Structures are given as C-alpha cells and as structure tokens.
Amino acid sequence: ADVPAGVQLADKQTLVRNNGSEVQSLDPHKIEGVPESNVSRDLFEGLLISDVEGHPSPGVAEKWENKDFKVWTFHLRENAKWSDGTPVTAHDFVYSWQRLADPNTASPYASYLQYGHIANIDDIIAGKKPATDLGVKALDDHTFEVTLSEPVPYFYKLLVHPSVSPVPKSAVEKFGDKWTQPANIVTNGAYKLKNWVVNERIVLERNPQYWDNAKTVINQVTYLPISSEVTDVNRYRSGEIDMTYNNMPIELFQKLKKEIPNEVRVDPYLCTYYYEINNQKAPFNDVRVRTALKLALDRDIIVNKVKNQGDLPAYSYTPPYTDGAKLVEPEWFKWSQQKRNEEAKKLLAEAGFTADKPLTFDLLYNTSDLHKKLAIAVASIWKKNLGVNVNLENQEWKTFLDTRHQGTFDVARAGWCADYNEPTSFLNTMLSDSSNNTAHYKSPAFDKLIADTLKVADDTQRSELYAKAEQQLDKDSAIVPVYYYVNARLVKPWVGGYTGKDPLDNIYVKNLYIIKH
C-alpha cells in the first residue's frame, strides 16, 4: 500500500470482506470464479500483477522483454520467496504452467494457455504430447522464457490471472488434494492462509517472506462466503463487514444511496450479465428458440425497472467499453419491445410450440437475492411476452459451476468478467474447444474469425474481426445478453486504497489500509 501523507493509520490493521460465496478451491489450477480469484490474488503471485488502477505491473517478474511478440523473457526478482522462506524460481513457473496444461489436472482454465498461444498447447490438451513439451523453460533460476506459436502483442496482459500463478510442487506432490489446507499450504503472495472454515470464513495473515512485505499494511483479512446480498449489506451496516461483495440487493440498494452516499462505490466494470443457453441441448439447439428467448426478454424492464442500479442494457457478450471493442449494435436492440415480442412469438411458433404444447424449461441460478429476483422477473417476462414456462432452480456457487461445465442444464443465469482488458478475454470463451465454454457453443465460422485476429498485424483489422465475431455470436443467439455490470459495493470510510479505477476489479489486500476512526 502507498499511504498518503498525513493519514493517521488505525492501530489495528484488520479487514473483513464479503466474497459472495464459498470458494471452489484455493488451488490456482482448479478455480475459475470471481470469489476464488479474490482470495487467490492475496495468496499466489504470478509474473505480473495489477497495480491499484489495474495496470499490468511487476509481480514476481521485475522486468521483461519480447522478441517479435512471440518469445517473452521474464526476469524474476532475486528476493521473490515462498512463505516457507524458499525462493520462487523460474522452475516453479515451468512446473505450474505444465500442470495447468495437463489434461489430468482438468483445470477449467486449461485454455488460458491457448488464449496466450503458448507453443504446443493444443496437442497437450488433446493428449497428443506430454505437458513437458509446453513452450516454457527456465533459462536459469531467475529467468522464465515463454515461446508462443504466433505474435500476441497483448500477451503480458494475460499474466495477472490466477491460473498462471505458481503453485508449490513439493506440497502438491506430498499432500495431493489437501495441499491447500492451512497446515500444508505454501504461498508466495502478500498473505498466507491462517484458517479455512468452509461456509464460515477464510482468514489470511500477512506473509513476512513476501518480497514487498514492507509496503503491506493490513495484517489480517477475513473473506466471508455470504451469497445473500441483503445479508451482506446488513452485516456491513452492523459493523462486522468492511467491504461488501460487489453484487447488490434489490431490497436495499435505492435506500443505501440516499442513506450512506459516501460509502456506495459505483465504478466501471468489464463484466456482462446474460442468460447462458445450453446450445447442445434440444430444443435449445434450434436457433429460432434461442433467438426468441433473446428478443422476448425486456431489458428496459429488467435493467431500468426491476434492478435499476446503473447497469446498461446489453446487446453483446464483450462489453462495448472493453479496450479494443468497436461493436456494431444490432437492429433488434433498437426496435421497440413490442416488435421484439412479435418476432419472438413468430419464431417460437415456427419452432413447433403451441398453447397446448408450450415451451417449458429450467432456469438455473446460483443462490443470491439479486439472481433470484431477476430470474423471477425474467420468468414472468417470458411468460407474459412469449408464453413460455420456466422452472427456477437454485444451486450453490461451486455446484452451479460444475453443473454448467457438465452441461446438465437448460438455461442458466451467468456473468463473465474480463481476465485481461482485450476483447479476446471474452471471445475466446466461445471457441468450440474452450475449457470456459459452458454455453457448449461450437461454431466453425466464429472460431475462424477469432483465429484470424492474430493473422493480421493491425488493431483496426483486429477490432473489425472482433465486431464480426460478436455479430456471428448474435446471429446464432448463443446467449441472451441482459446488461453490462457496474461495480457497485459498499466500502467503509476508513478503508483506504480502493480507488475503483480498475475495471477488472483485481483488488489486492496488500494495497489497502485502515484509517483511524
């Protein structure tokens, strides 16, 4: 943290953050979500990290170079260490990226290495080559070299993500699935794990071996797993929580802005809220059905009437304010809802649906006041505007993600937040073979459009291809876009360091501090 001149620091430097749900895991190769990543940035540090405004900055690597954007050389700081005092080396990174690529690890982010185009990754994912053939190598203990199969000018931006963080081989091999328990875990970020009570709390304590430990201010941070946004707000206003999770309740939000305006932070956020359709499950494998659901959803009602929290109605997957996004707003989005409704009814009727045999399906959402209220409104809207019946189903976060990866659903509430600020951070999740493709969408045309983005060496041609890929996704109605999120959360007046300037919301508790109060 960089404490400004003159602020008096509180005597006790402790923080309580709500984290939206119980994490899937603490192993960087097994996680995918926002909650997971929130805890991961305090424990495990990759080559680069985001600074307080979100800029890619030095992490374990203090400096780096590239040769033609294809061979990237990272110089690791000599004093980077694990919480047990042992040095963090380029060998740790070699092992770790290999473990991420290995199909036996089954990471939901195995495709992060395809997004960066690390040499030989496709064959390793497919089992044709061993993970030791990955295009990474330690040139010495402090030098990690990555070789890509084609020029990727934005490659370094990917490197702040948890999946490319190092993991301690010796703990992994000796303890297996229990390497992340407090007694066994070894970490290289600003914090260490102290306590992990599933469905109660995660407590982290400062890691004195961290290279930048002298600038860390908060000594202990607790992450809670509360999925009720109303409950989060209640425990924040009672004094227990210092920062809520950034999912806000319909029951209380309006109230809060008027009651505690200085505590309500609302900033830009590169995430999109949508209904994920299982494209491989009939009858959702029919474009007419998908398109009907997309058009009959009334975004003005949902976004402005039912939620009304500063979110903008969405017509794309990639948020239009992503760096490099120059998207074409489709004609259906500018139409009146009435015209959208008649087109939806017509497509459904063409699909073979009648009043005697109506379209009936499940709407899955992870436990949340926000998601339940929005799914009840959407179910109503689809009933009224299109005559479809929906059965809502709630699941806890970890189960919900597994369900989506297994494809055991019809339609699911969903949100994707960028991992790096560039349109492929969204678009690469819709590639036929992406490990993050829970839409189960497979379009050879879409795949080709994205393949071609790195076959040009101009940002205008790249941007035009991203727009074409979004139009391809829209014409196929892979998803139902709902709104672009804003990052809204409550932050006590005494929590310093939270700028809200990073649109990826990659907070590090080592950057915050408690002001005397």
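Note that the rigid core is defined as the largest set of C-alphas that superpose within 1.5 Å between two forms. Residue numbers here begin at 1 and follow the sequence given.
- Relative to the displayed structure, the C-alphas of 290-298 lie farther away on average in 9 other deposited structures of this protein than those of the other candidate, with 234-242 and 290-298 compared after rigid core superposition.
- Superposing the other copies on the rigid core and comparing 172-180 to 383-391, farther C-alpha placement in 9 other deposited structures of this protein marks 383-391.
- Stretches 457-465 and 25-33 differ in mean CA B factor, with 457-465 having the higher one.
- Look at the mean CA B-factor for 353-361 and for 151-159 in the entry; the higher one is 353-361.
- Highest CA B-factor among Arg201, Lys398, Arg288, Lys326, as stated in the entry: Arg288.
- Which of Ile185, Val167, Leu256, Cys271 has the largest Cα B-factor in the deposited entry comes down to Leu256.
- In the deposited entry, the Cα temperature factor of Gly496 sits in the middle third of values across the chain's modelled residues.
- Among the modelled residues of the chain, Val3 sits in the highest third by CA temperature factor in this PDB entry.
- The PDB entry assigns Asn247 a C-alpha temperature factor belonging to the highest third of its chain's modelled residues.
- In this PDB entry, the Cα temperature factor of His440 sits in the middle third of its chain's modelled residues.
- Sort the chain's modelled residues by C-alpha temperature factor and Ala110 lands in the lowest third, per the entry.
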